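Shown next: entry.txt, given as compact mmCIF, C-alpha atoms and all ligand atoms.
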```
# COMPACT_ATOMS: atom_id res chain seq x y z
CA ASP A 1 87.21 4.00 54.43
CA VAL A 2 87.35 6.00 51.19
CA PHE A 3 84.54 3.73 49.94
CA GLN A 4 82.03 4.78 52.60
CA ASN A 5 78.53 5.41 51.20
CA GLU A 6 79.79 4.59 47.70
CA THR A 7 77.53 3.35 44.92
CA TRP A 8 78.29 1.49 41.71
CA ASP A 9 76.88 -0.23 38.68
CA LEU A 10 79.99 -2.44 38.52
CA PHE A 11 82.42 -2.93 41.38
CA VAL A 12 85.83 -3.91 40.01
CA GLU A 13 88.02 -5.96 42.35
CA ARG A 14 91.76 -6.03 41.75
CA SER A 15 93.94 -9.09 42.24
CA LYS A 16 96.29 -6.96 44.36
CA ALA A 17 93.53 -6.23 46.88
CA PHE A 18 94.36 -7.11 50.48
CA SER A 19 92.92 -6.91 53.98
CA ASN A 20 94.73 -4.82 56.59
CA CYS A 21 92.47 -5.08 59.65
CA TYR A 22 91.54 -7.80 62.15
CA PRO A 23 91.66 -11.23 60.44
CA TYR A 24 88.13 -12.31 59.56
CA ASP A 25 86.34 -15.09 57.71
CA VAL A 26 82.83 -14.89 56.24
CA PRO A 27 80.86 -18.17 56.32
CA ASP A 28 79.24 -18.19 52.89
CA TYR A 29 81.50 -15.36 51.75
CA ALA A 30 80.19 -15.68 48.19
CA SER A 31 76.57 -15.12 49.20
CA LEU A 32 77.33 -11.93 51.13
CA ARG A 33 79.60 -10.63 48.38
CA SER A 34 77.01 -11.33 45.68
CA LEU A 35 74.09 -9.78 47.55
CA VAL A 36 76.08 -6.68 48.48
CA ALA A 37 77.21 -6.29 44.87
CA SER A 38 73.64 -6.71 43.62
CA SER A 39 72.50 -4.12 46.17
CA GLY A 40 74.87 -1.67 44.50
CA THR A 41 75.38 0.63 47.49
CA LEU A 42 77.29 0.80 50.76
CA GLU A 43 74.93 3.47 52.12
CA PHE A 44 75.24 2.98 55.88
CA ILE A 45 72.80 4.47 58.39
CA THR A 46 73.91 4.44 62.01
CA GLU A 47 71.33 3.35 64.58
CA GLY A 48 71.08 4.06 68.28
CA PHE A 49 71.79 0.62 69.68
CA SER B 1 41.67 -15.99 -33.27
CA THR B 2 43.46 -17.32 -30.19
CA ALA B 3 42.94 -18.18 -26.54
CA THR B 4 44.66 -17.05 -23.34
CA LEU B 5 45.27 -19.19 -20.25
CA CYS B 6 46.64 -17.46 -17.15
CA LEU B 7 47.81 -19.20 -13.98
CA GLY B 8 47.52 -17.60 -10.57
CA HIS B 9 47.04 -17.96 -6.85
CA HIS B 10 44.59 -16.76 -4.23
CA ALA B 11 45.01 -13.49 -2.36
CA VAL B 12 43.13 -11.74 0.44
CA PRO B 13 42.20 -8.06 0.92
CA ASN B 14 44.56 -7.76 3.90
CA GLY B 15 46.79 -10.56 5.15
CA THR B 16 49.04 -10.81 8.18
CA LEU B 17 52.69 -9.82 8.51
CA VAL B 18 55.23 -12.49 9.43
CA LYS B 19 58.99 -12.65 9.92
CA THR B 20 61.32 -14.74 7.77
CA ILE B 21 65.02 -15.40 7.32
CA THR B 22 65.17 -12.90 4.44
CA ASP B 23 62.29 -10.44 4.88
CA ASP B 24 61.72 -8.88 8.29
CA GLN B 25 58.06 -8.22 7.46
CA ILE B 26 56.24 -10.07 4.67
CA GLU B 27 52.50 -10.48 4.14
CA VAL B 28 50.81 -13.88 4.01
CA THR B 29 47.18 -14.81 3.42
CA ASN B 30 46.78 -16.74 6.68
CA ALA B 31 48.82 -17.09 9.86
CA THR B 32 48.51 -18.58 13.34
CA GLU B 33 49.74 -17.43 16.74
CA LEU B 34 52.20 -19.85 18.35
CA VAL B 35 52.51 -18.02 21.70
CA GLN B 36 49.77 -18.45 24.30
CA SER B 37 49.85 -14.98 25.85
CA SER B 38 46.55 -15.12 27.77
CA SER B 39 45.17 -17.16 30.66
CA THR B 40 41.74 -18.29 31.79
CA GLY B 41 42.38 -16.70 35.18
CA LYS B 42 41.26 -19.89 36.96
CA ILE B 43 42.97 -23.14 37.91
CA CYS B 44 41.05 -26.05 36.41
CA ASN B 45 40.66 -28.86 38.95
CA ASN B 46 41.04 -31.66 36.37
CA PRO B 47 42.69 -33.88 35.44
CA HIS B 48 45.30 -33.01 38.06
CA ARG B 49 44.19 -33.38 41.67
CA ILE B 50 44.41 -29.80 42.92
CA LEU B 51 44.59 -29.22 46.67
CA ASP B 52 43.84 -25.67 47.81
CA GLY B 53 45.91 -24.52 50.76
CA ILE B 54 43.46 -21.77 51.64
CA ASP B 55 45.06 -20.50 54.85
CA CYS B 56 47.86 -23.05 55.25
CA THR B 57 51.39 -23.43 54.00
CA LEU B 58 52.44 -26.97 53.17
CA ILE B 59 54.71 -27.12 56.22
CA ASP B 60 51.89 -26.04 58.53
CA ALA B 61 49.73 -28.88 57.20
CA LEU B 62 52.67 -31.26 57.55
CA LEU B 63 53.25 -30.41 61.20
CA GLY B 64 49.55 -30.32 62.03
CA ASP B 65 48.76 -26.68 62.66
CA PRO B 66 45.39 -26.53 64.46
CA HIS B 67 43.79 -24.50 61.66
CA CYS B 68 45.38 -26.90 59.14
CA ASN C 1 49.87 -12.25 -0.40
CA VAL C 2 49.88 -9.96 -3.44
CA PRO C 3 46.45 -8.28 -3.73
CA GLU C 4 45.06 -7.12 -7.06
CA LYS C 5 42.01 -4.88 -6.47
CA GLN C 6 42.50 -2.13 -9.07
CA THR C 7 43.59 -4.30 -12.05
CA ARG C 8 47.17 -3.24 -11.26
CA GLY C 9 48.46 -2.27 -14.68
CA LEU C 10 45.71 -2.71 -17.27
CA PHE C 11 41.94 -2.26 -17.88
CA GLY C 12 39.45 -5.26 -17.83
CA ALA C 13 40.16 -6.02 -21.64
CA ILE C 14 43.51 -7.91 -20.87
CA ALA C 15 43.99 -9.10 -17.11
CA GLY C 16 45.20 -12.20 -15.01
CA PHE C 17 48.86 -13.17 -14.19
CA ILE C 18 51.35 -14.67 -11.63
CA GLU C 19 52.93 -11.35 -10.62
CA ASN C 20 49.69 -10.55 -8.77
CA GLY C 21 47.29 -12.63 -6.71
CA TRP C 22 43.57 -13.14 -7.22
CA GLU C 23 40.97 -12.37 -4.56
CA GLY C 24 38.12 -13.79 -6.66
CA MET C 25 38.65 -17.45 -5.76
CA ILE C 26 37.85 -19.27 -2.52
CA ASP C 27 37.76 -22.90 -3.69
CA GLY C 28 41.53 -23.30 -3.97
CA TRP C 29 44.91 -21.69 -3.45
CA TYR C 30 46.02 -22.12 -7.08
CA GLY C 31 44.03 -21.91 -10.28
CA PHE C 32 43.49 -20.70 -13.81
CA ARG C 33 41.68 -17.86 -15.58
CA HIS C 34 41.00 -18.24 -19.29
CA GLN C 35 39.64 -16.25 -22.22
CA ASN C 36 38.57 -17.77 -25.54
CA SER C 37 35.98 -17.52 -28.29
CA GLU C 38 33.53 -19.34 -26.00
CA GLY C 39 33.89 -16.56 -23.42
CA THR C 40 35.77 -16.33 -20.14
CA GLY C 41 36.14 -18.59 -17.13
CA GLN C 42 37.99 -19.41 -13.94
CA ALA C 43 38.80 -22.59 -12.05
CA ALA C 44 40.99 -23.98 -9.27
CA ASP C 45 43.73 -26.62 -9.28
CA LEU C 46 42.96 -29.16 -6.56
CA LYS C 47 46.24 -31.08 -6.82
CA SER C 48 48.70 -28.29 -6.03
CA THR C 49 46.32 -26.79 -3.48
CA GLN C 50 46.03 -30.10 -1.63
CA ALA C 51 49.78 -30.75 -1.75
CA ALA C 52 50.63 -27.32 -0.36
CA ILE C 53 47.94 -27.51 2.32
CA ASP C 54 49.14 -30.97 3.33
CA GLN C 55 52.72 -29.75 3.72
CA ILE C 56 51.61 -26.69 5.71
CA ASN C 57 49.44 -28.72 8.08
CA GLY C 58 52.21 -31.31 8.44
CA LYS C 59 54.74 -28.70 9.52
CA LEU C 60 52.17 -27.19 11.88
CA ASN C 61 51.57 -30.61 13.45
CA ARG C 62 55.32 -31.15 13.76
CA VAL C 63 55.60 -27.79 15.51
CA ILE C 64 52.75 -28.35 17.96
CA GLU C 65 52.79 -32.11 18.62
CA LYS C 66 54.68 -33.84 21.44
CA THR C 67 54.22 -31.26 24.18
CA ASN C 68 56.73 -31.65 27.00
CA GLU C 69 55.26 -32.64 30.37
CA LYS C 70 56.92 -31.30 33.53
CA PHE C 71 55.65 -31.79 37.08
CA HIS C 72 58.19 -30.77 39.75
CA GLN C 73 60.75 -28.04 39.17
CA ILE C 74 63.06 -25.61 40.92
CA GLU C 75 61.63 -22.52 42.56
CA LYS C 76 61.66 -19.62 40.10
CA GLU C 77 60.25 -16.80 42.26
CA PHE C 78 61.83 -15.89 45.60
CA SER C 79 60.58 -13.79 48.50
CA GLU C 80 64.00 -13.70 50.19
CA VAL C 81 67.61 -12.77 49.52
CA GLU C 82 69.87 -15.82 49.81
CA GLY C 83 72.82 -15.30 47.45
CA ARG C 84 74.73 -18.12 45.81
CA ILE C 85 72.07 -20.81 45.44
CA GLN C 86 69.25 -18.39 44.59
CA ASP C 87 71.44 -16.60 42.05
CA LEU C 88 72.33 -19.96 40.51
CA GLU C 89 68.66 -20.92 40.22
CA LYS C 90 67.83 -17.56 38.65
CA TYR C 91 70.69 -17.90 36.18
CA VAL C 92 69.66 -21.43 35.21
CA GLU C 93 66.07 -20.39 34.57
CA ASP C 94 67.11 -17.27 32.66
CA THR C 95 69.48 -19.29 30.48
CA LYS C 96 66.72 -21.79 29.70
CA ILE C 97 64.27 -19.00 28.88
CA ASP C 98 66.71 -17.18 26.60
CA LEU C 99 67.71 -20.35 24.77
CA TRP C 100 64.10 -21.41 24.21
CA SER C 101 63.13 -17.91 23.07
CA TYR C 102 65.94 -17.98 20.51
CA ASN C 103 64.90 -21.47 19.42
CA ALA C 104 61.31 -20.33 18.92
CA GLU C 105 62.40 -17.25 16.97
CA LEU C 106 64.67 -19.25 14.67
CA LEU C 107 62.12 -22.03 14.20
CA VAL C 108 59.34 -19.61 13.28
CA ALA C 109 61.59 -17.69 10.89
CA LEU C 110 62.75 -20.88 9.17
CA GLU C 111 59.24 -22.30 8.94
CA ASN C 112 57.80 -19.10 7.47
CA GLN C 113 60.68 -18.82 5.00
CA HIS C 114 60.26 -22.40 3.82
CA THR C 115 56.47 -22.05 3.70
CA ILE C 116 56.75 -19.08 1.35
CA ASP C 117 59.47 -20.83 -0.65
CA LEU C 118 57.49 -24.05 -1.07
CA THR C 119 54.30 -22.21 -2.02
CA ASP C 120 56.17 -20.23 -4.67
CA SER C 121 57.80 -23.49 -5.78
CA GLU C 122 54.37 -25.12 -6.13
CA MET C 123 53.18 -22.20 -8.24
CA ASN C 124 56.26 -22.41 -10.47
CA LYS C 125 55.88 -26.19 -10.73
CA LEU C 126 52.28 -25.80 -11.86
CA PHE C 127 53.29 -23.16 -14.41
CA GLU C 128 56.18 -25.34 -15.69
CA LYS C 129 53.86 -28.36 -16.00
CA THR C 130 51.29 -26.33 -17.92
CA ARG C 131 54.06 -24.93 -20.17
CA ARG C 132 55.34 -28.46 -20.91
CA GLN C 133 51.79 -29.61 -21.65
CA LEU C 134 51.55 -26.69 -24.14
CA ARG C 135 54.64 -28.36 -25.88
CA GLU C 136 54.46 -25.98 -28.95
CA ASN C 137 50.78 -24.97 -29.32
CA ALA C 138 51.33 -22.06 -26.94
CA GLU C 139 53.78 -19.29 -26.18
CA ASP C 140 54.64 -17.90 -22.75
CA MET C 141 53.65 -14.30 -22.07
CA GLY C 142 56.02 -13.53 -19.18
CA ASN C 143 53.20 -12.35 -16.90
CA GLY C 144 52.20 -15.88 -15.91
CA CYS C 145 50.06 -16.47 -19.00
CA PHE C 146 50.22 -18.68 -22.08
CA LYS C 147 48.81 -17.59 -25.42
CA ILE C 148 47.24 -20.54 -27.26
CA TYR C 149 47.44 -20.08 -31.03
CA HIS C 150 44.38 -22.25 -31.77
CA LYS C 151 40.68 -22.41 -30.84
CA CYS C 152 41.21 -23.76 -27.32
CA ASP C 153 37.57 -24.04 -26.31
CA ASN C 154 36.29 -24.75 -22.81
CA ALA C 155 36.82 -28.46 -23.47
CA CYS C 156 40.38 -27.63 -24.53
CA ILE C 157 40.94 -25.59 -21.36
CA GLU C 158 39.46 -28.39 -19.25
CA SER C 159 41.79 -30.91 -20.90
CA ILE C 160 44.77 -28.65 -20.19
CA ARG C 161 43.71 -28.19 -16.57
CA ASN C 162 43.02 -31.89 -15.94
CA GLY C 163 45.92 -33.30 -17.98
CA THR C 164 44.24 -35.03 -20.94
CA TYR C 165 45.30 -32.29 -23.37
CA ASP C 166 46.85 -33.48 -26.64
CA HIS C 167 49.19 -31.06 -28.39
CA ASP C 168 49.55 -32.85 -31.73
CA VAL C 169 45.90 -32.62 -32.81
CA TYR C 170 46.29 -28.82 -32.67
CA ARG C 171 50.03 -28.62 -33.56
CA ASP C 172 49.64 -27.86 -37.29
CA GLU C 173 47.31 -24.88 -36.92
CA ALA C 174 49.11 -23.62 -33.81
CA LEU C 175 52.47 -23.51 -35.60
CA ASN C 176 50.92 -22.00 -38.73
CA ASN C 177 49.37 -19.20 -36.67
CA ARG C 178 52.61 -18.73 -34.71
CA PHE C 179 54.89 -18.26 -37.71
CA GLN C 180 52.36 -17.25 -40.39
CA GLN D 1 68.70 -3.50 -4.58
CA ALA D 2 66.40 -6.42 -3.73
CA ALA D 3 69.30 -8.74 -2.91
CA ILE D 4 71.13 -6.07 -0.91
CA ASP D 5 67.95 -5.28 1.02
CA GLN D 6 67.46 -8.94 1.93
CA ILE D 7 71.11 -9.32 2.97
CA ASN D 8 71.06 -6.22 5.17
CA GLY D 9 67.72 -7.28 6.64
CA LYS D 10 69.06 -10.66 7.70
CA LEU D 11 72.19 -8.97 9.09
CA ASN D 12 70.03 -6.60 11.14
CA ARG D 13 67.95 -9.54 12.37
CA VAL D 14 71.15 -11.30 13.43
CA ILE D 15 72.68 -8.33 15.25
CA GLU D 16 69.68 -6.43 16.64
CA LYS D 17 68.16 -6.92 20.11
CA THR D 18 71.32 -7.56 22.09
CA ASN D 19 70.65 -9.26 25.42
CA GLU D 20 71.44 -7.19 28.51
CA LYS D 21 72.72 -8.99 31.62
CA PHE D 22 73.89 -7.32 34.82
CA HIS D 23 74.35 -9.77 37.73
CA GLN D 24 75.32 -13.39 37.18
CA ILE D 25 76.81 -16.42 38.87
CA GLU D 26 80.53 -16.58 39.50
CA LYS D 27 82.26 -18.28 36.57
CA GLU D 28 85.90 -18.27 37.75
CA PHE D 29 86.89 -19.77 41.10
CA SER D 30 90.06 -19.48 43.17
CA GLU D 31 89.05 -22.31 45.52
CA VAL D 32 87.99 -25.95 45.49
CA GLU D 33 84.47 -26.34 46.88
CA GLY D 34 82.89 -29.36 45.18
CA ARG D 35 79.17 -29.76 44.60
CA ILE D 36 78.02 -26.15 44.21
CA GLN D 37 81.10 -25.02 42.29
CA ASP D 38 80.89 -28.03 39.98
CA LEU D 39 77.21 -27.27 39.39
CA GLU D 40 78.00 -23.66 38.49
CA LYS D 41 80.77 -24.76 36.14
CA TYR D 42 78.46 -27.29 34.48
CA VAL D 43 75.68 -24.73 34.04
CA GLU D 44 78.02 -22.22 32.43
CA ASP D 45 79.63 -24.85 30.20
CA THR D 46 76.22 -26.08 29.06
CA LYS D 47 75.15 -22.54 28.21
CA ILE D 48 78.39 -21.89 26.32
CA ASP D 49 78.16 -25.12 24.32
CA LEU D 50 74.51 -24.57 23.43
CA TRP D 51 75.11 -20.99 22.31
CA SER D 52 78.18 -22.00 20.30
CA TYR D 53 76.10 -24.63 18.50
CA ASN D 54 73.33 -22.09 17.94
CA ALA D 55 75.80 -19.62 16.43
CA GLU D 56 77.33 -22.28 14.19
CA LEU D 57 73.95 -23.45 12.91
CA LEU D 58 72.65 -19.91 12.45
CA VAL D 59 75.70 -18.81 10.47
CA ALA D 60 75.60 -21.93 8.30
CA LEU D 61 71.90 -21.50 7.56
CA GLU D 62 72.24 -17.78 6.85
CA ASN D 63 75.17 -18.28 4.48
CA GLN D 64 73.39 -21.13 2.70
CA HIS D 65 70.23 -19.09 2.21
CA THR D 66 72.23 -16.01 1.19
CA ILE D 67 73.93 -17.96 -1.59
CA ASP D 68 70.64 -19.62 -2.55
CA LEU D 69 68.71 -16.34 -2.73
CA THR D 70 71.45 -14.60 -4.71
CA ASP D 71 71.51 -17.45 -7.23
CA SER D 72 67.70 -17.32 -7.27
CA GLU D 73 67.80 -13.60 -8.03
CA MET D 74 70.21 -14.23 -10.90
CA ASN D 75 67.99 -16.98 -12.30
CA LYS D 76 64.90 -14.79 -11.87
CA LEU D 77 66.56 -11.99 -13.83
CA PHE D 78 67.59 -14.42 -16.56
CA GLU D 79 64.07 -15.94 -16.71
CA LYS D 80 62.49 -12.46 -16.90
CA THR D 81 64.83 -11.44 -19.72
CA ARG D 82 64.11 -14.74 -21.53
CA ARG D 83 60.34 -14.15 -21.25
CA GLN D 84 60.78 -10.59 -22.50
CA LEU D 85 62.64 -12.07 -25.52
CA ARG D 86 59.33 -14.06 -26.16
CA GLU D 87 60.54 -15.38 -29.61
CA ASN D 88 62.96 -12.75 -30.98
CA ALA D 89 65.84 -14.45 -29.18
CA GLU D 90 67.27 -17.87 -28.47
CA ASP D 91 69.03 -18.99 -25.29
CA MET D 92 72.71 -19.87 -25.59
CA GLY D 93 73.09 -22.02 -22.47
CA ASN D 94 76.03 -19.98 -21.15
CA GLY D 95 73.79 -17.26 -19.71
CA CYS D 96 73.39 -15.40 -23.01
CA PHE D 97 70.58 -14.73 -25.47
CA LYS D 98 71.20 -14.37 -29.19
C1 LIG E 201 75.77 7.97 54.37
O1 LIG E 201 74.44 8.33 54.02
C2 LIG E 201 73.52 8.31 55.12
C3 LIG E 201 72.16 8.63 54.56
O2 LIG E 201 71.69 7.59 53.71
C4 LIG E 201 73.97 9.30 56.20
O3 LIG E 201 73.11 9.18 57.33
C5 LIG E 201 75.41 9.01 56.61
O4 LIG E 201 75.87 10.02 57.50
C6 LIG E 201 76.31 8.97 55.38
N1 LIG E 201 77.68 8.63 55.76
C7 LIG E 201 78.74 9.31 55.33
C8 LIG E 201 80.08 8.83 55.82
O5 LIG E 201 78.64 10.27 54.57
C1 LIG E 202 46.42 -3.77 5.78
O1 LIG E 202 46.08 -2.97 6.91
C2 LIG E 202 47.21 -2.32 7.51
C3 LIG E 202 46.70 -1.57 8.71
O2 LIG E 202 47.70 -0.73 9.27
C4 LIG E 202 47.89 -1.40 6.48
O3 LIG E 202 48.66 -0.28 6.91
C5 LIG E 202 48.17 -2.03 5.12
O4 LIG E 202 48.41 -1.00 4.16
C6 LIG E 202 46.99 -2.87 4.67
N1 LIG E 202 47.14 -3.46 3.35
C7 LIG E 202 46.16 -3.49 2.44
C8 LIG E 202 46.49 -4.14 1.13
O5 LIG E 202 45.05 -3.02 2.67
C1 LIG E 203 44.11 -20.36 8.72
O1 LIG E 203 44.82 -21.51 9.19
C2 LIG E 203 44.19 -22.15 10.30
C3 LIG E 203 45.12 -23.26 10.74
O2 LIG E 203 45.33 -24.21 9.70
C4 LIG E 203 42.82 -22.66 9.89
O3 LIG E 203 42.18 -23.26 11.02
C5 LIG E 203 41.98 -21.50 9.37
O4 LIG E 203 40.73 -21.99 8.88
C6 LIG E 203 42.71 -20.77 8.25
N1 LIG E 203 41.95 -19.61 7.82
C7 LIG E 203 41.79 -19.28 6.53
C8 LIG E 203 40.98 -18.05 6.26
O5 LIG E 203 42.28 -19.95 5.62
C1 LIG E 204 39.52 -33.83 -18.93
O1 LIG E 204 38.84 -32.84 -19.71
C2 LIG E 204 38.42 -33.32 -21.00
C3 LIG E 204 37.80 -32.15 -21.72
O2 LIG E 204 36.53 -31.82 -21.17
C4 LIG E 204 37.47 -34.50 -20.84
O3 LIG E 204 37.14 -35.01 -22.13
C5 LIG E 204 38.11 -35.59 -20.00
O4 LIG E 204 37.17 -36.63 -19.75
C6 LIG E 204 38.59 -35.01 -18.67
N1 LIG E 204 39.25 -36.03 -17.87
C7 LIG E 204 38.97 -36.23 -16.58
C8 LIG E 204 39.74 -37.33 -15.91
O5 LIG E 204 38.14 -35.56 -15.98
```
Spell out the structure here as structure tokens.
Amino acid sequence: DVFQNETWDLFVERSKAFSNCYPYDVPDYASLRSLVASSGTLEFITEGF
Amino acid sequence: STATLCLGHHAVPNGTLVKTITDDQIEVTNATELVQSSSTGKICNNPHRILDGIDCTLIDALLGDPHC
Amino acid sequence: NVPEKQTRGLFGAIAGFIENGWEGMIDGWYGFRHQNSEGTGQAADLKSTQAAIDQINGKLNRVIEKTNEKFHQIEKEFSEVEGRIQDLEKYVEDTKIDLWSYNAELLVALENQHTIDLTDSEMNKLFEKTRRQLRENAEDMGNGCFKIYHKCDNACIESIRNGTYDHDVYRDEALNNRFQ
Amino acid sequence: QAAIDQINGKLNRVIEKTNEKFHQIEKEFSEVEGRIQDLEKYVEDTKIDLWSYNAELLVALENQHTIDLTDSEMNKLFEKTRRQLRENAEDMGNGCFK
């Protein structure tokens, strides 16, 4: 959660990185990762669903 | 008493600059552009058979869209 | 290109050399300018001019001929965001473009370098051939000129230019004027 | 000065205009995936091989022409000196005029 609304020109992933929430799998994980990285921001706007 | 014979080559009032392995900018009498950087602005219809999809994508024509 | 408008070193009395080009000829790339008792004249060398032009046009034809023909290809512009496959296509096209741009740059640089080198080599070859024709009758000036120590009339100059020149029939007087 | 200028010019040509690249395909994989991963590997390997060959050829050509132009400068200087010594001198054959 420390990465909320963060922005980057280069996101550096560490080999020690781990997941500590509900187990999840992303079909086409690479595509989502690549497009999010190319976007360069995690700027999240909440919407009134 | 004597004669003089000098050998030389043609030159032009102002040539064109070109790049080389040694000199980054050297003048030559004549040069030609090897990059086509301009377009006619129109698609010639020959010799290739051009088909204009005015208001139709290829898939719409494939499926048989009424306006296609 | 080495222009020579303002006589570049001397007055009209003594002019013409290899260190500087000549704008006063249009009939050939290489040529001669001569002064003698008969007056002054200029001419062009068709052999070296034709050889150089042939080589230049040959390399141009090599460069331009055999255009590649391509009909169906990957999509190179995208209106969507898709990720792995689209990024791969973009990378492939960018790699091709960069490699071909580098190839064009290197090819043009090499061709220009060798064009200049071969033209200078043709000029030096012509000068060397003229110098070896003037076996001993003449003496090299260092500015691209030979001083002929005899009465080398317009017929003499024509023989030198066209290759029928005979050194011996002037050798005695040329040497006598050189050393005495 | 002429030779040094040419050498530095070719060096600047070689080094200047560095390509800038920001986002690219993945080139290291922790999984086995088959067709797409093999295609990515092949693309990157082809690029690497082509650029390695280009670097090899470029360096060879540049070194060859550097040596050739330096020798040409030396010969040009010798020729110019020889033509200055129109007849006062006589060439020794070892690079010297008497
Ligand atoms: C992130 O930025 C958006 C505006 O772009 C804002 O609405 C939102 O509250 C921000 N979130 C945090 C955690 O600061
Ligand atoms: C040719 O024209 C260009 C125009 O910028 C120039 O600066 C250069 O000095 C010119 N050379 C001659 C010999 O006129
Ligand atoms: C320059 O070269 C081109 C290509 O060979 C030729 O068509 C053109 O006539 C040349 N121009 C001059 C002034 O020599
Ligand atoms: C070369 O020039 C000399 C001198 O005018 C002339 O006698 C001779 O016929 C010429 N040869 C040719 C092949 O034109």
*Find the residues in chain A near chain C: any atom within 10 Å counts, using only C-alpha atoms. Write them as number ranges by chain.*
A: 28-36, 38
_Show me which residues line ligand LIG 203 (chain E), defined as having an atom within 12 Å of a ligand atom where all atoms listed in the file count, and present them as number ranges by chain._
B: 10-16, 28-34; C: 26-29, 52-61, 64
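Across the model, the gap from CA of residue 69 in chain D to CA of residue 3 in chain D is 7.6 Å.
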*What are the residues of chain D that have an atom within 8 Å of an atom of chain B, counting only C-alpha atoms, as an MDAnalysis selection string?*
chainID D and resid 6:7 9:10 13 62
Export of prior selection with C-alpha atoms as a PDB file, keeping the file's coordinate frame:
```pdb
ATOM      1  CA  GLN D   6      67.460  -8.940   1.930  1.00  0.00           C
ATOM      2  CA  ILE D   7      71.110  -9.320   2.970  1.00  0.00           C
ATOM      3  CA  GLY D   9      67.720  -7.280   6.640  1.00  0.00           C
ATOM      4  CA  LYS D  10      69.060 -10.660   7.700  1.00  0.00           C
ATOM      5  CA  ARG D  13      67.950  -9.540  12.370  1.00  0.00           C
ATOM      6  CA  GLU D  62      72.240 -17.780   6.850  1.00  0.00           C
TER       7      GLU D  62
END
```
*Would you mind reading off the distance between CA of residue 43 in chain C and CA of residue 172 in chain C, one decimal, in Å?*
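So the two atoms, CA of residue 43 in chain C and CA of residue 172 in chain C, lie 28.0 Å apart.
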